[PDB]
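K.L.:
Below you'll find work-v4.tsv; it's TSV, N, CA and C atoms.
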chain	number	residue	atom	x	y	z
A	1	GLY	N	-3.04	-21.84	-9.73
A	1	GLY	CA	-2.08	-21.95	-10.81
A	1	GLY	C	-1.77	-20.61	-11.45
A	2	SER	N	-2.21	-20.43	-12.69
A	2	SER	CA	-1.97	-19.18	-13.41
A	2	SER	C	-3.26	-18.38	-13.56
A	3	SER	N	-3.35	-17.28	-12.82
A	3	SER	CA	-4.53	-16.43	-12.86
A	3	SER	C	-4.18	-14.99	-12.50
A	4	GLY	N	-4.66	-14.04	-13.31
A	4	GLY	CA	-4.38	-12.64	-13.06
A	4	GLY	C	-5.27	-12.06	-11.98
A	5	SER	N	-4.66	-11.66	-10.87
A	5	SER	CA	-5.41	-11.08	-9.75
A	5	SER	C	-5.27	-9.57	-9.73
A	6	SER	N	-6.19	-8.88	-10.40
A	6	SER	CA	-6.16	-7.42	-10.46
A	6	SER	C	-7.40	-6.83	-9.79
A	7	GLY	N	-7.22	-5.67	-9.18
A	7	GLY	CA	-8.33	-5.01	-8.50
A	7	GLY	C	-7.92	-4.37	-7.20
A	8	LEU	N	-8.82	-3.60	-6.60
A	8	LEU	CA	-8.54	-2.92	-5.34
A	8	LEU	C	-8.51	-3.92	-4.19
A	9	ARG	N	-7.64	-3.65	-3.21
A	9	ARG	CA	-7.51	-4.53	-2.05
A	9	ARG	C	-7.66	-3.73	-0.76
A	10	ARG	N	-7.58	-4.43	0.37
A	10	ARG	CA	-7.71	-3.79	1.68
A	10	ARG	C	-6.76	-4.43	2.69
A	11	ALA	N	-5.86	-3.63	3.24
A	11	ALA	CA	-4.90	-4.12	4.22
A	11	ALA	C	-4.46	-3.00	5.17
A	12	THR	N	-4.02	-3.38	6.36
A	12	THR	CA	-3.58	-2.41	7.35
A	12	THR	C	-2.06	-2.25	7.32
A	13	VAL	N	-1.59	-1.06	7.69
A	13	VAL	CA	-0.16	-0.78	7.71
A	13	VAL	C	0.47	-1.22	9.02
A	14	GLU	N	1.73	-1.65	8.96
A	14	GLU	CA	2.44	-2.10	10.14
A	14	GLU	C	2.98	-0.91	10.94
A	15	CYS	N	3.93	-0.19	10.35
A	15	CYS	CA	4.53	0.97	11.00
A	15	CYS	C	4.95	2.01	9.97
A	16	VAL	N	4.58	3.26	10.22
A	16	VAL	CA	4.92	4.36	9.31
A	16	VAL	C	5.68	5.46	10.04
A	17	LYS	N	7.00	5.49	9.84
A	17	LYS	CA	7.84	6.50	10.48
A	17	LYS	C	8.62	7.29	9.43
A	18	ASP	N	9.20	6.58	8.47
A	18	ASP	CA	9.97	7.22	7.41
A	18	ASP	C	9.10	7.49	6.19
A	19	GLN	N	9.66	8.21	5.22
A	19	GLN	CA	8.93	8.54	4.00
A	19	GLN	C	8.34	7.29	3.36
A	20	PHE	N	9.02	6.16	3.55
A	20	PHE	CA	8.57	4.89	2.99
A	20	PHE	C	8.09	3.95	4.09
A	21	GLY	N	6.97	3.29	3.85
A	21	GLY	CA	6.42	2.36	4.83
A	21	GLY	C	6.11	1.00	4.23
A	22	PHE	N	5.77	0.05	5.09
A	22	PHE	CA	5.45	-1.30	4.64
A	22	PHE	C	4.03	-1.68	5.05
A	23	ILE	N	3.29	-2.28	4.11
A	23	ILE	CA	1.92	-2.69	4.38
A	23	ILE	C	1.84	-4.19	4.63
A	24	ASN	N	0.94	-4.59	5.53
A	24	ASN	CA	0.76	-6.00	5.86
A	24	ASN	C	-0.03	-6.72	4.77
A	25	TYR	N	0.57	-6.83	3.59
A	25	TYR	CA	-0.09	-7.50	2.47
A	25	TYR	C	0.93	-8.26	1.62
A	26	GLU	N	0.71	-9.56	1.46
A	26	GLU	CA	1.60	-10.40	0.68
A	26	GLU	C	1.09	-10.54	-0.75
A	27	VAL	N	1.94	-10.19	-1.72
A	27	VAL	CA	1.57	-10.28	-3.13
A	27	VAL	C	2.47	-11.26	-3.86
A	28	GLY	N	3.70	-11.42	-3.37
A	28	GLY	CA	4.64	-12.34	-3.99
A	28	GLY	C	5.68	-12.86	-3.02
A	29	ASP	N	6.94	-12.79	-3.42
A	29	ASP	CA	8.03	-13.26	-2.57
A	29	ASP	C	8.06	-12.50	-1.25
A	30	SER	N	7.66	-11.23	-1.29
A	30	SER	CA	7.65	-10.40	-0.10
A	30	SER	C	6.33	-10.55	0.65
A	31	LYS	N	6.39	-10.44	1.97
A	31	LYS	CA	5.20	-10.56	2.81
A	31	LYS	C	4.46	-9.23	2.90
A	32	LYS	N	5.22	-8.14	2.91
A	32	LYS	CA	4.63	-6.80	2.99
A	32	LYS	C	4.77	-6.06	1.66
A	33	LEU	N	4.09	-4.93	1.54
A	33	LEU	CA	4.14	-4.13	0.32
A	33	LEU	C	5.04	-2.92	0.51
A	34	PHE	N	5.41	-2.28	-0.60
A	34	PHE	CA	6.27	-1.11	-0.56
A	34	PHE	C	5.60	0.08	-1.26
A	35	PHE	N	5.45	1.18	-0.52
A	35	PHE	CA	4.83	2.38	-1.06
A	35	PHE	C	5.55	3.63	-0.58
A	36	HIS	N	5.53	4.68	-1.40
A	36	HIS	CA	6.18	5.94	-1.05
A	36	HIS	C	5.15	7.02	-0.77
A	37	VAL	N	5.57	8.06	-0.06
A	37	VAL	CA	4.68	9.17	0.27
A	37	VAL	C	4.05	9.77	-0.98
A	38	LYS	N	4.74	9.63	-2.11
A	38	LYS	CA	4.25	10.15	-3.38
A	38	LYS	C	2.96	9.46	-3.79
A	39	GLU	N	2.81	8.20	-3.39
A	39	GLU	CA	1.62	7.43	-3.72
A	39	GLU	C	0.37	8.08	-3.13
A	40	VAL	N	0.29	8.09	-1.81
A	40	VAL	CA	-0.86	8.69	-1.12
A	40	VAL	C	-1.12	10.10	-1.62
A	41	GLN	N	-2.40	10.44	-1.78
A	41	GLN	CA	-2.79	11.76	-2.25
A	41	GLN	C	-3.92	12.33	-1.40
A	42	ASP	N	-4.42	13.49	-1.80
A	42	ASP	CA	-5.51	14.14	-1.08
A	42	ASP	C	-5.08	14.51	0.34
A	43	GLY	N	-3.78	14.72	0.52
A	43	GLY	CA	-3.26	15.07	1.83
A	43	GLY	C	-3.71	14.11	2.91
A	44	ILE	N	-3.22	12.88	2.85
A	44	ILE	CA	-3.58	11.86	3.83
A	44	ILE	C	-2.34	11.22	4.44
A	45	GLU	N	-2.42	10.86	5.71
A	45	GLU	CA	-1.31	10.23	6.41
A	45	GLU	C	-1.67	8.82	6.86
A	46	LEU	N	-0.82	7.86	6.51
A	46	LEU	CA	-1.05	6.47	6.88
A	46	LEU	C	-0.20	6.07	8.08
A	47	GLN	N	-0.86	5.63	9.15
A	47	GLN	CA	-0.16	5.22	10.36
A	47	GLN	C	-0.34	3.72	10.61
A	48	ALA	N	0.22	3.24	11.72
A	48	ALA	CA	0.12	1.84	12.08
A	48	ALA	C	-1.32	1.45	12.40
A	49	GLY	N	-1.85	0.48	11.66
A	49	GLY	CA	-3.21	0.04	11.87
A	49	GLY	C	-4.21	0.79	11.02
A	50	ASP	N	-3.71	1.47	9.99
A	50	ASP	CA	-4.56	2.24	9.09
A	50	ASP	C	-4.87	1.44	7.83
A	51	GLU	N	-6.13	1.05	7.66
A	51	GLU	CA	-6.54	0.28	6.50
A	51	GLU	C	-6.74	1.20	5.29
A	52	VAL	N	-5.95	0.97	4.25
A	52	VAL	CA	-6.04	1.78	3.03
A	52	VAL	C	-6.30	0.90	1.81
A	53	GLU	N	-7.04	1.44	0.85
A	53	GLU	CA	-7.36	0.70	-0.37
A	53	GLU	C	-6.43	1.10	-1.51
A	54	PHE	N	-5.65	0.14	-2.00
A	54	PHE	CA	-4.72	0.39	-3.09
A	54	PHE	C	-4.93	-0.60	-4.23
A	55	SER	N	-4.41	-0.26	-5.40
A	55	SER	CA	-4.55	-1.12	-6.57
A	55	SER	C	-3.23	-1.82	-6.89
A	56	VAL	N	-3.29	-3.14	-7.06
A	56	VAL	CA	-2.11	-3.93	-7.37
A	56	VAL	C	-1.71	-3.78	-8.83
A	57	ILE	N	-0.57	-3.14	-9.08
A	57	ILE	CA	-0.09	-2.94	-10.43
A	57	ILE	C	1.24	-3.66	-10.66
A	58	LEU	N	1.28	-4.50	-11.69
A	58	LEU	CA	2.49	-5.25	-12.01
A	58	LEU	C	3.28	-4.56	-13.12
A	59	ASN	N	4.58	-4.43	-12.91
A	59	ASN	CA	5.45	-3.79	-13.89
A	59	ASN	C	6.08	-4.82	-14.82
A	60	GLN	N	5.94	-4.61	-16.12
A	60	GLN	CA	6.49	-5.52	-17.11
A	60	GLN	C	7.94	-5.17	-17.43
A	61	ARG	N	8.29	-3.90	-17.25
A	61	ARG	CA	9.64	-3.43	-17.51
A	61	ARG	C	10.62	-3.98	-16.48
A	62	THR	N	10.28	-3.83	-15.21
A	62	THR	CA	11.13	-4.31	-14.13
A	62	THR	C	10.74	-5.72	-13.71
A	63	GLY	N	9.46	-5.91	-13.40
A	63	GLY	CA	8.98	-7.22	-12.99
A	63	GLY	C	8.66	-7.28	-11.51
A	64	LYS	N	8.31	-6.13	-10.93
A	64	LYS	CA	7.98	-6.06	-9.51
A	64	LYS	C	6.56	-5.53	-9.31
A	65	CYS	N	6.11	-5.52	-8.06
A	65	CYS	CA	4.77	-5.03	-7.74
A	65	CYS	C	4.83	-3.94	-6.68
A	66	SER	N	3.83	-3.07	-6.68
A	66	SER	CA	3.77	-1.97	-5.72
A	66	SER	C	2.35	-1.43	-5.59
A	67	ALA	N	2.18	-0.41	-4.76
A	67	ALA	CA	0.88	0.20	-4.56
A	67	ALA	C	0.72	1.47	-5.40
A	68	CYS	N	-0.52	1.87	-5.62
A	68	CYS	CA	-0.80	3.07	-6.41
A	68	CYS	C	-2.12	3.71	-5.98
A	69	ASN	N	-2.14	5.04	-5.94
A	69	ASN	CA	-3.33	5.77	-5.54
A	69	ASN	C	-3.83	5.29	-4.18
A	70	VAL	N	-2.94	5.30	-3.19
A	70	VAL	CA	-3.29	4.87	-1.85
A	70	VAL	C	-4.32	5.80	-1.22
A	71	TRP	N	-5.49	5.26	-0.90
A	71	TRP	CA	-6.56	6.05	-0.30
A	71	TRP	C	-6.97	5.46	1.05
A	72	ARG	N	-6.90	6.29	2.09
A	72	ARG	CA	-7.27	5.85	3.44
A	72	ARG	C	-8.76	5.58	3.53
A	73	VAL	N	-9.12	4.30	3.56
A	73	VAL	CA	-10.52	3.90	3.65
A	73	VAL	C	-10.95	3.72	5.10
A	74	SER	N	-10.00	3.36	5.95
A	74	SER	CA	-10.28	3.15	7.37
A	74	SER	C	-10.97	4.37	7.97
A	75	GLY	N	-11.55	4.19	9.15
A	75	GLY	CA	-12.25	5.28	9.81
A	75	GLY	C	-11.31	6.17	10.60
A	76	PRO	N	-11.87	7.17	11.29
A	76	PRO	CA	-11.09	8.11	12.10
A	76	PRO	C	-10.50	7.46	13.34
A	77	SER	N	-11.31	6.67	14.03
A	77	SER	CA	-10.86	5.99	15.24
A	77	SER	C	-10.45	6.99	16.31
A	78	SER	N	-11.13	8.14	16.33
A	78	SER	CA	-10.83	9.19	17.30
A	78	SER	C	-12.04	9.46	18.19
A	79	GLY	N	-11.87	9.24	19.49
A	79	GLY	CA	-12.96	9.47	20.43
A	79	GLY	C	-12.69	8.83	21.78
Could I get this structure in the form of structure tokens?
P.N.:
Amino acid sequence: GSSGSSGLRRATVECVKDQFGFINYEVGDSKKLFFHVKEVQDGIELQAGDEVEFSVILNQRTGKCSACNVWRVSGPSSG
């Protein structure tokens, strides 16, 4: 019913080619999430299949949701 779901989450990215990418995480009407290169910090690159931990922040001014402080939690997967 009515419950505030706040906190860090974990999801993998679908495809990252342009400055903006979509994450495989459903928060509302949309199935995927929307984040910009400005979000990610510490000089990190998010690719397809990269699990990153982001915080769900709801905007009261607009009324939409997005990612913030995107941090690549997934491993290197190189070898």
K.L.:
Got a sec: who's within 8 Å of residue A:22, counting only N, CA and C atoms, leaving out chain neighbours fewer than 4 positions off, as a PyMOL selection string?
P.N.:
chain A and resi 12-17+31-36
K.L.:
Could you list as a PyMOL selection string every residue that has an atom within 8 Å of (-8.9, -5.9, -8.5), using the file's coordinates and counting all atoms listed in the file?
P.N.:
chain A and resi 4-9+54-56
K.L.:
Between A:3, A:19, A:77, A:62, which is the closest to residue A:40 once you count only C-alpha atoms?
P.N.:
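For residue A:40, the nearest of the candidates is A:19.
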K.L.:
As a ChimeraX atom specification, which residues of chain A does DSSP assign to strand (DSSP E or B)?
P.N.:
/A:8,11-15,20-23,33-36,51-53,55,57-58,65-66,71-72
K.L.:
For atom N of residue A:70 and atom C of residue A:53, quote the distance in Å rounded to one decimal.
P.N.:
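Straight-line distance from atom N of residue A:70 to atom C of residue A:53 works out to 5.7 Å.
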K.L.:
Could you tell me how far atom CA of residue A:57 sits from atom N of residue A:43, in Å to one decimal place?
P.N.:
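Between atom N of residue A:43 and atom CA of residue A:57 the gap is 21.1 Å.
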K.L.:
Could you add N, CA, C and O atoms to stretch 57-77 of chain A and give me the result as an mmCIF file, in the coordinates of the input?
P.N.:
data_model
loop_
_atom_site.group_PDB
_atom_site.id
_atom_site.type_symbol
_atom_site.label_atom_id
_atom_site.label_comp_id
_atom_site.auth_asym_id
_atom_site.auth_seq_id
_atom_site.Cartn_x
_atom_site.Cartn_y
_atom_site.Cartn_z
ATOM 1 N N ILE A 57 -0.570 -3.140 -9.080
ATOM 2 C CA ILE A 57 -0.090 -2.940 -10.430
ATOM 3 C C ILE A 57 1.240 -3.660 -10.660
ATOM 4 O O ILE A 57 2.200 -3.467 -9.914
ATOM 5 N N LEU A 58 1.280 -4.500 -11.690
ATOM 6 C CA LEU A 58 2.490 -5.250 -12.010
ATOM 7 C C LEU A 58 3.280 -4.560 -13.120
ATOM 8 O O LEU A 58 2.721 -4.169 -14.140
ATOM 9 N N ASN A 59 4.580 -4.430 -12.910
ATOM 10 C CA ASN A 59 5.450 -3.790 -13.890
ATOM 11 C C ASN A 59 6.080 -4.820 -14.820
ATOM 12 O O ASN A 59 6.689 -5.790 -14.359
ATOM 13 N N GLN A 60 5.940 -4.610 -16.120
ATOM 14 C CA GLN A 60 6.490 -5.520 -17.110
ATOM 15 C C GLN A 60 7.940 -5.170 -17.430
ATOM 16 O O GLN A 60 8.725 -6.024 -17.830
ATOM 17 N N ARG A 61 8.290 -3.900 -17.250
ATOM 18 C CA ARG A 61 9.640 -3.430 -17.510
ATOM 19 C C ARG A 61 10.620 -3.980 -16.480
ATOM 20 O O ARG A 61 11.664 -4.532 -16.837
ATOM 21 N N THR A 62 10.280 -3.830 -15.210
ATOM 22 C CA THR A 62 11.130 -4.310 -14.130
ATOM 23 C C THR A 62 10.740 -5.720 -13.710
ATOM 24 O O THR A 62 11.579 -6.621 -13.667
ATOM 25 N N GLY A 63 9.460 -5.910 -13.400
ATOM 26 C CA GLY A 63 8.980 -7.220 -12.990
ATOM 27 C C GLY A 63 8.660 -7.280 -11.510
ATOM 28 O O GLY A 63 8.736 -8.342 -10.892
ATOM 29 N N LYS A 64 8.310 -6.130 -10.930
ATOM 30 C CA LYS A 64 7.980 -6.060 -9.510
ATOM 31 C C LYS A 64 6.560 -5.530 -9.310
ATOM 32 O O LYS A 64 5.892 -5.142 -10.272
ATOM 33 N N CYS A 65 6.110 -5.520 -8.060
ATOM 34 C CA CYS A 65 4.770 -5.030 -7.740
ATOM 35 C C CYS A 65 4.830 -3.940 -6.680
ATOM 36 O O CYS A 65 5.769 -3.888 -5.878
ATOM 37 N N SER A 66 3.830 -3.070 -6.680
ATOM 38 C CA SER A 66 3.770 -1.970 -5.720
ATOM 39 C C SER A 66 2.350 -1.430 -5.590
ATOM 40 O O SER A 66 1.429 -1.931 -6.238
ATOM 41 N N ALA A 67 2.180 -0.410 -4.760
ATOM 42 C CA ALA A 67 0.880 0.200 -4.560
ATOM 43 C C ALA A 67 0.720 1.470 -5.400
ATOM 44 O O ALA A 67 1.711 2.060 -5.827
ATOM 45 N N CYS A 68 -0.520 1.870 -5.620
ATOM 46 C CA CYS A 68 -0.800 3.070 -6.410
ATOM 47 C C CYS A 68 -2.120 3.710 -5.980
ATOM 48 O O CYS A 68 -3.090 3.013 -5.681
ATOM 49 N N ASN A 69 -2.140 5.040 -5.940
ATOM 50 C CA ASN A 69 -3.330 5.770 -5.540
ATOM 51 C C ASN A 69 -3.830 5.290 -4.180
ATOM 52 O O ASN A 69 -5.001 4.933 -4.027
ATOM 53 N N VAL A 70 -2.940 5.300 -3.190
ATOM 54 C CA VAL A 70 -3.290 4.870 -1.850
ATOM 55 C C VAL A 70 -4.320 5.800 -1.220
ATOM 56 O O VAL A 70 -4.058 6.992 -1.031
ATOM 57 N N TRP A 71 -5.490 5.260 -0.900
ATOM 58 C CA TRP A 71 -6.560 6.050 -0.300
ATOM 59 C C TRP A 71 -6.970 5.460 1.050
ATOM 60 O O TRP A 71 -7.335 4.293 1.146
ATOM 61 N N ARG A 72 -6.900 6.290 2.090
ATOM 62 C CA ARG A 72 -7.270 5.850 3.440
ATOM 63 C C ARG A 72 -8.760 5.580 3.530
ATOM 64 O O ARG A 72 -9.575 6.500 3.576
ATOM 65 N N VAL A 73 -9.120 4.300 3.560
ATOM 66 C CA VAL A 73 -10.520 3.900 3.650
ATOM 67 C C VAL A 73 -10.950 3.720 5.100
ATOM 68 O O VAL A 73 -12.119 3.905 5.442
ATOM 69 N N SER A 74 -10.000 3.360 5.950
ATOM 70 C CA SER A 74 -10.280 3.150 7.370
ATOM 71 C C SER A 74 -10.970 4.370 7.970
ATOM 72 O O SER A 74 -10.983 5.446 7.377
ATOM 73 N N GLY A 75 -11.550 4.190 9.150
ATOM 74 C CA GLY A 75 -12.250 5.280 9.810
ATOM 75 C C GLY A 75 -11.310 6.170 10.600
ATOM 76 O O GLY A 75 -10.089 5.978 10.597
ATOM 77 N N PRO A 76 -11.870 7.170 11.290
ATOM 78 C CA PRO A 76 -11.090 8.110 12.100
ATOM 79 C C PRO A 76 -10.500 7.460 13.340
ATOM 80 O O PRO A 76 -9.328 7.674 13.663
ATOM 81 N N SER A 77 -11.310 6.670 14.030
ATOM 82 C CA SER A 77 -10.860 5.990 15.240
ATOM 83 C C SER A 77 -10.450 6.990 16.310
ATOM 84 O O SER A 77 -9.537 6.742 17.099
#
